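Shown here is one chain on its own, the form deposited in one PDB entry, set out as structure tokens.
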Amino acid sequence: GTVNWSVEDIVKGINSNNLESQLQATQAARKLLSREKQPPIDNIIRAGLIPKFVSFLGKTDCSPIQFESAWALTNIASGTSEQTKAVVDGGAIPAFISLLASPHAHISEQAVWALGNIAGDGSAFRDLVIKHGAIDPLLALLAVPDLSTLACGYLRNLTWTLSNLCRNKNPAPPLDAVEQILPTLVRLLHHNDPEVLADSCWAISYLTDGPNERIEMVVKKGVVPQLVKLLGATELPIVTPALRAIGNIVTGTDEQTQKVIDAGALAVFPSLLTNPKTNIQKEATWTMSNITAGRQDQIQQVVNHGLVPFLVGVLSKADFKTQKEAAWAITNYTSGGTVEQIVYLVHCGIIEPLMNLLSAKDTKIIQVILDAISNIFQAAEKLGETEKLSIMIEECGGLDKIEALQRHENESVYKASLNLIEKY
């Protein structure tokens, strides 16, 4: 019926002023735009159809053409920044916001989806969607006593669009918009649907990706324990954003990091630091590195949870990016820790994998490892046990690599290596 029309026929139908002819042609355009292989978005745009679709959005008396034009515009807005811009330039934003309160659930869901695509383009369109007043009707769609009474696809789409309103930086979303959205986010973070949980954690991870005041806005809502619980989940699409949120949070103050620790997060890290998905291991090790940059009592809680052997393991064998994060974790540990904590780290076996990493072609990791070793040597000086450490370094091949690093391109590398062999 309306399958595989030409763009020319679609234009002919839309440019009649027979409402039914226009609806037929609009559905034909929707079907064209919802095909998987190269939908002709740019042909539709060049034919001048966007203003006609936008005007169809306002035809309250004919709900089907509202739906079909909303779907067509959704798919146009899902494309490149220029295609989304063409949708915005046609005045689509206020018309979609108007459709949010439509009595037909599929139409308001379509408007939710379209606003999600538009806001997901970036900071400017996100803030423009916000300025047109989308947040109030979006949140009103979720003001029900139990979220389980909403249709699952509807709820997932609302969660995804809210996460896009929470997304992107330079600038971050407006503070009052974040404050307005957060309670609904907290409630969605306790819903039972895995996709809703994943997208809620994504929103929270966006909101915690910034300065300590943003992190504090999130942390004050009390979501950290629920984030830890989701960190323990079996579904990788949930664990990934949960772990990103937790790592973002521990980039903040020592008190925010302490909130992460009190919630029980460290007990999950034996799994995370051996997780078979490389990115999980990398981000867990980065999170650990930001925890070992904290207070000595926090370093001590890392010790008590048995996590130093897991750091040794990741340093010994992992993807190289994960190994670099582990080297960072070790240098933070050795710079902030007491003498007994550094002794314990040596007794767990850090020295040999630390040395083995000194044969890497990465200048930053060489600097990091050299700083770590000098910190360890300083603690050994306090204990008068420095040459036992030097013999330990030489028996595993460390002295050879440190001495070779004297004839190295980077000036800081050569300086630190020469200092080490001159002193010890």
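Numbering starts at 1 and follows the sequence shown.
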Per the PDB entry, mean CA B-factor is higher for 319 to 327 or 242 to 250, namely for 319 to 327
Name the higher of the two by mean Cα B-factor in the PDB entry, 364 to 372 versus 28 to 36. 364 to 372
Between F269, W160, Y206, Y333, which one tops the list for Cα B-factor in this entry? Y333
For the CA B factor values reported in this entry, which option in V54, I44, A379, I65 has the top one? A379
Third of the chain's Cα B-factor distribution that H191 belongs to, per the entry: middle
Splitting the chain's C-alpha B-factors into thirds, which one does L383 fall into? highest
Of the three thirds of its chain by CA temperature factor, lowest, middle or highest, which one includes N117? lowest
Divide the modelled residues of the chain into thirds by Cα B-factor and specify which third, lowest, middle or highest, holds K220. middle
Ranked by Cα temperature factor within the chain, is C396 in the lowest third, the middle third or the highest third? highest
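Keep in mind the form deposited with a partner chain bound is missing from the figure; the text below concerns it.
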If we define contact as a non-hydrogen atom of the residue within 4.5 angstroms of the partner, is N212 a contact of its partner chain in the deposited complex? yes
Since only the chain is shown here, I'm wondering whether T253 would be in contact with its partner chain in the deposited complex (any heavy atom pair within 4.5 Å). yes
Contact of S289 with its partner chain in the deposited complex (heavy atom, 4.5 Å): yes
Contact label in the deposited complex: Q301 to its partner chain, heavy atom within 4.5 Å: no
Location of its partner chain contact in the deposited complex, chosen stretch of 179 to 187, 253 to 261, 88 to 96, 134 to 142 [non-hydrogen atom, 4.5 Å]: 253 to 261
Students should find that, of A318, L100, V346, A293, the residue having a non-hydrogen atom no more than 4.5 angstroms from its partner chain in the deposited complex is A293
